[PDB]
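Starting off, we have a lone chain in the form deposited without the named molecule, written out as structure tokens.
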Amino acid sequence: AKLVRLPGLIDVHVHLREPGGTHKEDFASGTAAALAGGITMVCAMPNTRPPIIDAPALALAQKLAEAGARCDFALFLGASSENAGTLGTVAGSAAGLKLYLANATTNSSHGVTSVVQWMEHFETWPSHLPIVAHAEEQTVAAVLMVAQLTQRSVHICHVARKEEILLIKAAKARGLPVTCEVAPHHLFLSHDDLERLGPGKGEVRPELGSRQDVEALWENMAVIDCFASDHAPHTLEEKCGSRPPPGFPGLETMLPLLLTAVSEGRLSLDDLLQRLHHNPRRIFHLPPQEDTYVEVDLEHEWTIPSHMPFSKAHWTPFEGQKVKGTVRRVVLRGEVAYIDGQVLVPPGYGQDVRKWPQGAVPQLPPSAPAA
């Protein structure tokens, strides 16, 4: 089985649960799963405990990741009910701003309850820096409206339904600056699989779609800018427990599933590289990684087991699905980081890419005229 060399892939939506939920995952275990999945750079989400919604929590998370991460990273800041206008000094050091717009009681929304709060953030957050929004169903149209009123771009996370992707398609057709990502469980899992998973294992936000939803995503792959795992590791105790948190662990399964689709002719290799490397780079202004690449074997057929080796979630919703292709070797900045069942760079090898000279988002100087 001869190998294919790819650049280092980028997963822009990962929940790594450190600080505060390290029994579900930490930086060291999460970045190990990332490397086993062909991913050499990740963007970790801010719904940590304490949440990353202030400069002190960001400084803490940044150094915990510098000491724990095995691959390179950037950290998101979280929009709060209170921090609009307070993040200007540290904004450039984050991956971007995350707005959580789920319509339910949860401390992932960090108090964001009102469209007026969204506007305050779109107006105070530096215009040259990225904003991503968790928005489901009609909320996507709402956030797009806020972006146009403030005349700036927005990135829509885990698009999962026909109505969402057709609305994004209409916005793009009118020249609006919007991009979006789709997660693997929304392209390969459906309502058909909720019987097997159950309401406990199968809870995820955005929830699994119907066959028509999944069908519309594949039909409109041209509208999708990025693939991202939405890696949301919860232990199986918590997924089956009383109040089950939403989220699937998918860092280790993302590439095997997509390479299977490439082997079946459902999308090209180029299409995959646009969505796991080039577009993540340009949307979040992520720098290249020197001497970094991934070798994959496209011929090895296998079945997804009950749990993948490296995530502490210790379960996967893709169990039993047959996949073609495997990650064989990852080289990260000159060093062998992974080979065929074992990660070989220690915790702390990863670096914060926003501290690289090439990793800052370019901006006009302060003394530039108003225009």
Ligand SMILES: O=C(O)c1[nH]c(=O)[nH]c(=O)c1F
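One rule holds for the numbers: they count along the sequence shown, beginning at 1.
Absent from the display: the form solved in complex with the named molecule. The rest refers to it.
The stretch that touches the named molecule in the bound PDB entry, counting heavy atoms within 4.5 Å, is 243-251, out of 243-251, 143-151, 210-218, 166-174. Comment: the named molecule is not present in this chain, but in the bound PDB entry one of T316, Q62, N47, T326 has a heavy atom within 4.5 Å of it, namely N47.
Note on the partner interface in the bound PDB entry: the residue among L129, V262, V204, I283 having a heavy atom within 4.5 angstroms of the named molecule is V204. At the 4.5 Å threshold, heavy atoms of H121 stay clear of the named molecule in the bound PDB entry, well away from it.
Put simply, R275 is far from the named molecule in the bound PDB entry: not one heavy atom of it is within 4.5 Å. Within this chain, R354 is remote from the site of the named molecule in the bound PDB entry, having no heavy atom within 4.5 Å. Looking at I156, you'd find every heavy atom of it more than 4.5 angstroms from the named molecule in the bound PDB entry. Residues from 16-40 that approach the named molecule in the bound PDB entry with a non-hydrogen atom within 4.5 Å are limited to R17.
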